[PDB]
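> File name model-v8.cif; file contents mmCIF, C-alpha atoms and all ligand atoms; full text below.
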data_input
loop_
_atom_site.group_PDB
_atom_site.id
_atom_site.type_symbol
_atom_site.label_atom_id
_atom_site.label_comp_id
_atom_site.auth_asym_id
_atom_site.auth_seq_id
_atom_site.Cartn_x
_atom_site.Cartn_y
_atom_site.Cartn_z
ATOM 1 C CA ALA A 1 0.000 0.000 0.000
ATOM 2 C CA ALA A 2 1.286 3.427 -0.827
ATOM 3 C CA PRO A 3 1.994 6.059 1.832
ATOM 4 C CA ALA A 4 -0.467 8.903 2.249
ATOM 5 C CA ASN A 5 1.938 11.283 0.484
ATOM 6 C CA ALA A 6 2.848 8.939 -2.374
ATOM 7 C CA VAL A 7 3.009 10.467 -5.824
ATOM 8 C CA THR A 8 -0.165 9.431 -7.524
ATOM 9 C CA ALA A 9 -1.196 8.838 -11.122
ATOM 10 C CA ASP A 10 -3.406 11.975 -10.997
ATOM 11 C CA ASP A 11 -0.579 14.380 -10.008
ATOM 12 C CA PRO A 12 -0.051 16.837 -12.885
ATOM 13 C CA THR A 13 3.722 16.539 -12.712
ATOM 14 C CA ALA A 14 3.472 12.754 -12.515
ATOM 15 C CA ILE A 15 1.332 12.785 -15.654
ATOM 16 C CA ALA A 16 3.714 15.121 -17.473
ATOM 17 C CA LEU A 17 6.764 13.009 -16.505
ATOM 18 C CA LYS A 18 5.068 9.625 -17.093
ATOM 19 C CA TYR A 19 5.812 8.507 -13.569
ATOM 20 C CA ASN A 20 4.752 5.068 -12.448
ATOM 21 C CA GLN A 21 5.570 3.564 -9.086
ATOM 22 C CA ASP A 22 6.261 0.296 -10.899
ATOM 23 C CA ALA A 23 8.922 0.743 -13.581
ATOM 24 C CA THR A 24 7.712 -2.446 -15.285
ATOM 25 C CA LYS A 25 4.490 -0.509 -16.021
ATOM 26 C CA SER A 26 6.375 2.464 -17.479
ATOM 27 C CA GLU A 27 7.386 3.786 -20.868
ATOM 28 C CA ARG A 28 11.103 3.822 -20.040
ATOM 29 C CA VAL A 29 11.866 1.909 -23.259
ATOM 30 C CA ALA A 30 10.106 4.476 -25.467
ATOM 31 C CA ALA A 31 11.905 7.354 -23.761
ATOM 32 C CA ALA A 32 15.388 5.827 -24.078
ATOM 33 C CA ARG A 33 16.803 8.242 -21.517
ATOM 34 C CA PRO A 34 20.606 8.270 -21.521
ATOM 35 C CA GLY A 35 22.962 6.719 -18.980
ATOM 36 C CA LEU A 36 21.786 3.104 -18.777
ATOM 37 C CA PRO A 37 19.845 0.792 -21.116
ATOM 38 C CA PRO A 38 16.160 1.603 -20.441
ATOM 39 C CA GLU A 39 15.152 -1.732 -18.888
ATOM 40 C CA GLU A 40 17.745 -1.032 -16.142
ATOM 41 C CA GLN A 41 16.346 2.338 -15.059
ATOM 42 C CA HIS A 42 14.246 2.921 -11.881
ATOM 43 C CA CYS A 43 14.140 5.388 -9.061
ATOM 44 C CA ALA A 44 16.707 3.516 -6.947
ATOM 45 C CA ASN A 45 19.462 4.300 -9.472
ATOM 46 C CA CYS A 46 18.316 7.869 -10.190
ATOM 47 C CA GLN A 47 20.177 11.026 -9.161
ATOM 48 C CA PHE A 48 16.942 12.625 -7.907
ATOM 49 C CA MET A 49 16.102 9.843 -5.384
ATOM 50 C CA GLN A 50 16.536 11.023 -1.851
ATOM 51 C CA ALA A 51 17.773 8.149 0.254
ATOM 52 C CA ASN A 52 17.385 10.073 3.518
ATOM 53 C CA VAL A 53 13.618 10.868 2.963
ATOM 54 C CA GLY A 54 10.820 8.309 3.627
ATOM 55 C CA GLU A 55 11.082 4.709 4.734
ATOM 56 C CA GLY A 56 11.594 1.357 3.131
ATOM 57 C CA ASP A 57 10.645 1.277 -0.530
ATOM 58 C CA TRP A 58 9.041 4.755 -0.343
ATOM 59 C CA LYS A 59 11.680 7.417 -0.710
ATOM 60 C CA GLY A 60 11.966 11.083 -1.667
ATOM 61 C CA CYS A 61 12.348 12.493 -5.143
ATOM 62 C CA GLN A 62 13.732 15.960 -5.470
ATOM 63 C CA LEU A 63 11.202 16.696 -8.298
ATOM 64 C CA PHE A 64 8.189 15.814 -6.115
ATOM 65 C CA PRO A 65 8.598 17.940 -2.969
ATOM 66 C CA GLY A 66 6.490 16.790 -0.057
ATOM 67 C CA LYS A 67 5.860 13.385 -1.502
ATOM 68 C CA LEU A 68 7.268 9.890 -1.808
ATOM 69 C CA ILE A 69 8.110 7.763 -4.828
ATOM 70 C CA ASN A 70 8.711 4.028 -4.922
ATOM 71 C CA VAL A 71 12.333 2.906 -5.386
ATOM 72 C CA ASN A 72 11.001 0.479 -8.011
ATOM 73 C CA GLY A 73 9.321 3.259 -10.019
ATOM 74 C CA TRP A 74 10.376 5.407 -12.972
ATOM 75 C CA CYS A 75 9.668 8.720 -14.682
ATOM 76 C CA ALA A 76 10.989 10.479 -17.768
ATOM 77 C CA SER A 77 13.376 12.681 -15.738
ATOM 78 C CA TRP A 78 15.321 9.515 -14.749
ATOM 79 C CA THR A 79 18.985 10.456 -14.575
ATOM 80 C CA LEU A 80 21.852 8.181 -13.519
ATOM 81 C CA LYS A 81 22.821 8.396 -9.852
ATOM 82 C CA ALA A 82 26.336 9.815 -10.259
ATOM 83 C CA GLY A 83 26.968 11.294 -6.773
HETATM 84 S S1 LIG B 1 13.227 11.766 -11.128
HETATM 85 FE FE1 LIG B 1 14.195 9.818 -10.707
HETATM 86 S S2 LIG B 1 13.648 9.334 -8.514
HETATM 87 FE FE2 LIG B 1 12.244 10.933 -9.212
HETATM 88 S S3 LIG B 1 10.396 9.751 -9.933
HETATM 89 FE FE3 LIG B 1 11.723 10.158 -11.763
HETATM 90 S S4 LIG B 1 13.001 8.298 -11.963
HETATM 91 FE FE4 LIG B 1 12.075 8.299 -9.837
#
What does the file become when written as structure tokens?


Amino acid sequence: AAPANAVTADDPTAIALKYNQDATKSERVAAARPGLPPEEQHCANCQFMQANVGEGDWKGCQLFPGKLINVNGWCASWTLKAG
């Protein structure tokens, strides 16, 4: 079950970025964002994932202030976690 502050499918920014909390139900292949082959991309390996926000599988994303994403999710702003 998602936390009360999870990013939802109805969030305008989530719609614009094609977020899904389950990357296997995402359009990561179509987007072909650079840095890793698309099938390998999810929030856990994204630069915008905030490891010190949230709990368990529900973590922060810098792009979604006040909310939580799932580490197994994806959106079109996916960017390799480089530091
Ligand atoms: S920017 Fe990165 S951490 Fe945030 S929802 Fe998109 S893929 Fe997940």

> Please write out the residues within 9 Å of ligand LIG 1 (chain B) as a count of residues only, counting only C-alpha atoms and all ligand atoms.

38

> For the PyMOL selection byres (((chain A and resi 4) around 12) and not hetatm), applied here, can you spell out every residue it catches as a count of residues only?

13

> Please indicate the distance in Å from CA of residue 24 (chain A) to CA of residue 9 (chain A), rounded to one decimal place.

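Spanning CA of residue 24 (chain A) to CA of residue 9 (chain A) is a straight-line distance of 15.0 Å.
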
> Between CA of residue 83 (chain A) and CA of residue 52 (chain A), what is the distance in Å, rounded to a tenth?

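Separating CA of residue 83 (chain A) from CA of residue 52 (chain A) is a distance of 14.1 Å.
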
> Quick one: pull the distance between CA of residue 34 (chain A) and CA of residue 57 (chain A), Å, one decimal.

24.3 Å

> Could you list, as an MDAnalysis selection string, every residue within 9 Å of residue 29 (chain A), counting only C-alpha atoms and ignoring same-chain residues fewer than 4 positions away?

chainID A and resid 33 37:39
